[PDB]
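For reference, the structure is listed below as structure tokens.
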Amino acid sequence: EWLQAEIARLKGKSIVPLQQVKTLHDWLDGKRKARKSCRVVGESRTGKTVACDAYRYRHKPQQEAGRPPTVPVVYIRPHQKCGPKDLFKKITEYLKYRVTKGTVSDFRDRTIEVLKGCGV
DNA sequence: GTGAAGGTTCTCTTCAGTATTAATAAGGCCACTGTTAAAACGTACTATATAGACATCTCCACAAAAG
Ligand SMILES: Nc1ncnc2c1ncn2[C@@H]1O[C@H](COP(=O)(O)OP(=O)(O)OP(=O)(O)O)[C@@H](O)[C@H]1O
Ligand SMILES: [Mg+2]
């Protein structure tokens with residue numbers, strides 16, 4: 001039935017290349033190039049997440065033989081009230097590493113070496 | 001020829017074991033939530049306690065007619 005496929009499409013999300021998104025992507029390129037920390041702020045449902053998420057898809061990881069993958073940009077969304085250990089786990093899991101045991105210091109230290117290992 | 005070394009037997013072990021009255025426990029790190037006083041602290045719907053710009057009435061003093 002034709003109707004089912006259109007409803008199945010219309011319930012799903014899509015990405016539209018708005019100039020608001022292009023503005024962030026060119027700007028994030030400047031901050032990434034300058035290796036500069038910054039923030040993105042705006043009202044709810046203005047599209048910040050979709051623009052940032054689209055930017056991560058624009059710079060998917062790269063690989064070399066017998067080397068870990070290199071991951072130019074990491075995008076994470078913490079859970080609410082994210083403590084340090086769970087932020088390290090978020091970063092670690094995005095880089096596909098695992099850390100089953102350790103102090104918070106051990107989670108931090110493993111995060112530092114996997115971040116610089118993948119060269120984010 | 002008193003002393004030293006050496007010989008000899010002593011049984012049966014189907015008997016003894018198995019139950020309570022029991023003490024608060026005897027675990028320690030890490031992290032991570034989620035209560036639990038209880039302390040610190042913004043600001044509301046009120047109950048009064050005045051302080052003083054005004055309006056009012058009253059008492060006393062002056063021009064027109066008649067004998
Ligand atoms: N670039 C876009 N293309 C298509 N749809 C978009 C885009 N940006 C936003 N939307 C629509 O608006 C919704 C809200 O956008 P988004 O998730 O980016 O919100 P947000 O700005 O990160 O908000 P919040 O701060 O509330 O989390 C999306 O889920 C999507 O439905
Ligand atoms: Mg968002």
Side-chain angles (χ1 to χ4, degrees):
Chain A
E1 180 172 49
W2 172 89
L3 181 66
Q4 305 294 341
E6 293 309 316
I7 303 323
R9 186 183 63 81
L10 293 170
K11 85 186 204 288
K13 299 293 179 182
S14 56
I15 312 295
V16 179
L18 302 181
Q19 185 65 359
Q20 183 65 24
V21 181
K22 193 192 297 282
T23 299
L24 177 69
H25 292 191
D26 287 339
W27 180 86
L28 284 178
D29 281 343
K31 299 297 174 196
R32 182 170 58 91
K33 196 187 307 296
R35 212 56 46 90
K36 182 67 181 83
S37 296
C38 58
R39 66 190 197 295
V40 175
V41 195
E43 291 180 52
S44 271
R45 313 305 277 179
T46 49
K48 298 162 289 174
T49 285
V50 175
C52 294
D53 182 64
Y55 187 85
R56 179 261 280 103
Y57 285 121
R58 215 193 77 175
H59 308 92
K60 60 180 67 180
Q62 303 170 9
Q63 298 194 0
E64 180 166 22
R67 303 289 80 164
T70 184
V71 182
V73 62
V74 168
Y75 168 93
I76 58 166
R77 191 199 67 217
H79 76 70
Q80 180 59 298
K81 292 180 185 286
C82 190
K85 197 171 66 75
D86 285 2
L87 174 61
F88 299 139
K89 200 178 83 88
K90 264 289 185 182
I91 294 165
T92 295
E93 289 175 355
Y94 185 95
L95 299 171
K96 314 298 170 69
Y97 285 89
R98 295 296 184 265
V99 179
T100 58
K101 184 182 176 191
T103 68
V104 184
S105 188
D106 305 310
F107 269 90
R108 189 192 300 119
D109 287 345
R110 190 55 172 186
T111 299
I112 292 163
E113 76 177 331
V114 303
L115 285 168
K116 79 196 296 289
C118 291
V120 59

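Quick note: numbers below take in every heavy atom, side chains included, and nothing from hydrogens, waters or symmetry partners. In what follows, chains are A, B, ... by sequence order, proteins preceding strands, each numbered from 1.
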Check your understanding: Taking atom P in both B:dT58 and B:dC54, what distance in whole Å separates the two?
Key -> 24 Å

Study note, to complete from the structure: Quick note, B:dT14: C1'-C2'-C3'-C4' sign places the sugar (positive north, negative south) south

Practice item. To the nearest Å, give me how far apart CZ (A:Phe107) and P (B:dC30) are. Key: 16 Å

Review point. What pucker does B:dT8 show by its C1'-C2'-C3'-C4' sign, north or south?
Key: north

Study note, to complete from the structure: With north for a positive and south for a negative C1'-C2'-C3'-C4' torsion, B:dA31 lands south

Exercise for review: Rounded to the nearest angstrom, tell me the gap between atom NZ in A:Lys101 and atom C1' in B:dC32.
Suggested key: 18 Å

Check your understanding: Is B:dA4 syn or is it anti, if syn means the base angle is within 90 degrees of 0?
Key -> anti

**Study point:** Syn/anti state of B:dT14 by chi, 90° boundary around 0
**Key:** syn

Practice item. Answer yes or no: is there a side-chain heavy-atom contact under 4.5 Å between A:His59 and A:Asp29? Key: yes

**Study point:** Separation of the P atoms in B:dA65 and B:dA61, to the nearest angstrom
**Key:** 26 Å

Exercise for review: From the options B:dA31, B:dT33, B:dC32, select the nucleotide whose nearest atom is closest to the side chain of A:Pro84.
Suggested key: B:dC32

Practice item. Report yes if the base rings of B:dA23 and B:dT24 sit with centres under 5.5 Å apart and an interplanar angle under 30°; otherwise report no. Key: no

Practice item. Would you mind reading off the distance between A:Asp86 atom CG and B:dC32 atom P, rounded to a whole angstrom? Key: 6 Å

Check your understanding: Between B:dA31 atom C1' and A:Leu87 atom CG, what is the distance in whole Å?
Key -> 15 Å

Exercise for review: Note down whether B:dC57 puckers north or south, where north is a positive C1'-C2'-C3'-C4' and south a negative one.
Suggested key: south

Study note, to complete from the structure: Base orientation of B:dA31, chi within 90° of 0 counted as syn, else anti, reads anti

Practice item. Check whether any side-chain heavy atom of A:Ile91 sits under 4.5 Å from a side-chain heavy atom of A:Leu115, and report yes or no. Key: yes

Study note, to complete from the structure: A student applying the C1'-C2'-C3'-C4' rule, positive for north and negative for south, should call the sugar of B:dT13 north

Exercise for review: Would you kindly give the NE2-to-P distance between A:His79 and B:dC32, to the nearest whole Å?
Suggested key: 9 Å

Point to revise | Residue among A:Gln62, A:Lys96, A:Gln63 satisfying side chain to side chain contact (heavy atoms under 4.5 Å, CB included) with A:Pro69 | key: A:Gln63

**Study point:** Shortest non-hydrogen separation from A:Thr49 to A:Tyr75 and the atoms involved
**Key:** CG2-OH, 3.6 Å

Practice item. Kindly check if B:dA5 and B:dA4, neighbours in the strand, have base rings whose centres sit closer than 5.5 angstrom and whose planes are less than 30 degrees apart? Key: yes

Check your understanding: Can you tell me how far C1' of B:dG34 sits from CD of A:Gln80, to the nearest Å?
Key -> 15 Å

**Study point:** Heavy-atom check, side chain of A:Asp109 versus side chain of A:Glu113, under 4.5 Å
**Key:** no

Point to revise | Stack flag B:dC60/B:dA61 (5.5 Å, 30°) | key: yes

